[PDB]
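Worksheet: one structure, shown below.
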Amino acid sequence: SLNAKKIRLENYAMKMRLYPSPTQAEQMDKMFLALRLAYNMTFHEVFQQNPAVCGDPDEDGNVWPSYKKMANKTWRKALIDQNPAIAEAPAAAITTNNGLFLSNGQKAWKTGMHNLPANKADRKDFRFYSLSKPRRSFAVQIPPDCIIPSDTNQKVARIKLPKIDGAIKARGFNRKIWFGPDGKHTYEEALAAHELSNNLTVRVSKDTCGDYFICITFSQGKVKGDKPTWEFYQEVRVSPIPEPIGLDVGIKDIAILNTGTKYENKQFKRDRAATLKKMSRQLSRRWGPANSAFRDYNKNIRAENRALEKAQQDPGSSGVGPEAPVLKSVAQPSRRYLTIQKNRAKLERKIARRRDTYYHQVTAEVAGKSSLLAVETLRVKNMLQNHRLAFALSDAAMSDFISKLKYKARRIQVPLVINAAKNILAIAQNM
DNA sequence: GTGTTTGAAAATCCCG
DNA sequence: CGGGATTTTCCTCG
RNA sequence: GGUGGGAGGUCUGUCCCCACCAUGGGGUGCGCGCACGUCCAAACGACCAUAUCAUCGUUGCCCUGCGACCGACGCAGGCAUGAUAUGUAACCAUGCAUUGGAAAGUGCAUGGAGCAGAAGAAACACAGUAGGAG
């Protein structure tokens, strides 16, 4: 009767929220800045055909950036020689297989630039790290002993991060996953019995709003024979008697089930669209960015600053005191702009969070009841041909819905492929 | 939106 | 001053 | 009684707290009152204070007056609207410094955080939010 079922998992990522002291948050911010500086400097040196960053030339002269020269200690030593602020980040966040270069840079150069040599690709198309896409993440390796769940509370744990002392407090410890040969151990029981990986990857991320999250990735090592190197389970709830379900997507409903139940697509954007438009037109007039009277002002004053520096340097010879080059500042957004910016970010975060949780609820309720799903297509680009759904689908981001259905129908191993829904289910059964 | 991934073991550095 | 904490090193990239 | 929100990992209601609207109208039943259920009325990312400004009749009115034309115009004014900045916000307990004879705040270190029902795979990369430079 709707009993929870423990099933084996190949990968997992506990998403908790850190509650660090201001010093701890400052240190992690410095670590993020160090990572972004490393990325930017390395991927500016990649375009110069530097042998220390770029690999061995081919017989034609084609040179690719070999990342082994980026994970070696010599490159990091040279980097920390060039600037000291890069040393404020752990070398594991850079030199490891889940670090800055071997994981992020490799994917960036294999997807964004389509895997092309630095002598045949431009700089404008490559995406750096800046205010538009800041590096709010670092991945390090910590043993399980650095994760000590609090005994009193079922959802509180203390996390110690490298270069930070204080054992940052964490909330959101999912106790619905069990470790061990058959998932009969808690976290402490598995750690004390030596059934956890001696090195575990954790990602510390800072979202758009001021907040911190941690992702403790649990991954089985090898797949030799049939026994995983590290075994962890998770209890999920399934309907006592599952029945085949044909899924049809309508206009006013996010999903229609052949059984009869319905879920009305809340579509939280429009219900909050007035507030979003009000805030947008608000900060469009404030003294922060996205105003066209602050962007232009900052860009201009930067231009005259550069021109004055040039005129002071070469024409004046920079002897002792030539003229007086004014520096001042490069402008900063005001507090009244900042509060509305933070509130706006909080509000899209709330909308996205509401949509994510609603889609999780719908997918969990439908996956357990269904033994064989009958969705039309895996891609939303194949359902906009009629264009009728476009108005609703503009806010109804069904990419997340499709992904959630995909990885919630596979853990129970449910295969994936009202009158219309019944016809679709019948066709799927026939095929 | 669409696609792809997810450590383990030594060599070296440093505070009660 | 020596065990533990941090740094490195592994492998494949046109 | 409603609306919006701040912290308790996420969603709904409740718990604690912050800022606002209502104490209205109507269509019908019963004996001016009670109203079975509603529909409209608001309140939508704070509120107060401080300066510095709307501008093509604006930013509405008072026209506070003045002047000329034949209801309309200009000049010198005032409030209220709106809109940009400075100080100021949102659960509980302890310690320190500082304001306070107190009552109670300020800043720091922290420490703790539900209740009922659902769930909880995260990150990165690329057409974009358009920029950042090395």
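The values are calculated or read from the model by the stated rules, or taken from the named source; no laboratory instrument gave them. Using ideal geometry, Cβ is built from the backbone for each residue, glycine included, and neighbour counts are taken over all protein chains shown.
Key figures for this structure:
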{"quantity": "Contacts under 8 angstrom Cβ, first residue in region A:331-355 being polar (S, T, N, Q), partner surrounded by 13 or more Cβ atoms within 10 Å (Cβ to Cβ), 6 or more apart", "calculated": "A:334/A:286; A:334/A:287; A:334/A:288; A:341/A:283; A:341/A:288; A:341/A:333; A:343/A:279"}
{"quantity": "Where residue A:146 falls short, out of the listed (1) within 25 Å of residue A:211 (Cα to Cα); (2) loosely packed, with under 13 Cβ neighbours inside 10 Å; (3) within 16 Å of DNA strand B (Cβ to nearest atom)", "calculated": "(2)"}
{"quantity": "Filtered residues of region A:203-232 (kept if within 24 Å of residue A:162 (Cβ to Cβ) and small (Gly, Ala, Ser))", "calculated": "A:205, A:210, A:219, A:221"}
{"quantity": "Test: residue in region A:96-118 that is buried (at least 17 other Cβ atoms within 10 Å of the Cβ) and among the β-branched types (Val, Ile, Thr)", "calculated": "yes"}
{"quantity": "Residue satisfying all of: in region A:165-185; touching a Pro at 6+ places or on another chain (Cβ under 8 Å) and farther than 16 Å from residue A:215 by Cβ; nearest to DNA strand B (Cβ to nearest atom) among these", "calculated": "A:166"}
{"quantity": "Strands (runs of 3 or more DSSP E) (entirely within region A:111-189) containing at least 1 residues that are near RNA strand D (Cβ under 6 Å from one of its atoms), more than 30 Å from residue A:60 (Cβ to Cβ) and assigned by TED's automatic domain parsing to the domain that holds residue A:11", "calculated": "A:137-142, A:156-159, A:168-171"}
{"quantity": "Residue selected from region A:48-67 under the condition away from RNA strand D (no atom under 15 Å from the Cβ) and in contact with a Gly (Cβ under 8 Å, 6 or more places away or on another chain), by the criterion nearest to residue A:30 (Cα to Cα)", "calculated": "A:66"}
{"quantity": "Residue list for region A:370-381, restricted to those being under 19 Å from residue A:423 (Cα atoms), within 16 Å of RNA strand D (Cβ to nearest atom) and of a type outside the set (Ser, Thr, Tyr)", "calculated": "A:373, A:378"}
{"quantity": "Residue match in region A:45-63 (condition: loosely packed, with under 14 Cβ neighbours inside 10 Å, within 16 Å of DNA strand C (Cβ to nearest atom) and within 29 Å of residue A:200 (Cβ to Cβ))", "calculated": "no"}
{"quantity": "Out of A:281, A:203, A:272, sole residue that is under 25 Å from residue A:397 (Cβ atoms), of a type outside the set (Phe, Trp, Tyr) and in contact with a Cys (Cβ under 9 Å, 6 or more places away or on another chain)", "calculated": "A:203"}
{"quantity": "Strands (runs of 3 or more DSSP E) lying entirely in region A:205-301 (those with 1 or more residues that are surrounded by 15 or more Cβ atoms within 10 Å (Cβ to Cβ) and of a type in the set (S, T, N, Q))", "calculated": "A:213-219, A:233-237"}
{"quantity": "Test: residue in region A:67-80 that is out of contact with any helix residue (DSSP H, G or I) (no Cβ under 8 Å at 6 or more places or on another chain), assigned to a strand (DSSP E or B), of a type in the set (D, E, K, R) and surrounded by fewer than 17 Cβ atoms within 10 Å (Cβ to Cβ)", "calculated": "no"}
{"quantity": "Tally of residues being small (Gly, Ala, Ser) and assigned to a loop (DSSP other than H, G, I, E, B) across region A:87-107", "calculated": "3"}
{"quantity": "Top-ranked residue in region A:190-202 [being of a type outside the set (S, T, N, Q) and within 16 Å of RNA strand D (Cβ to nearest atom); ranked as surrounded by the fewest Cβ atoms within 10 Å (Cβ to Cβ)]", "calculated": "A:200"}
{"quantity": "Members of region A:299-318 that are closer than 20 Å to residue A:334 by Cα and either among the charged types (D, E, K, R) or assigned by TED's automatic domain parsing to the domain that holds residue A:255 (or both)", "calculated": "A:299, A:302"}
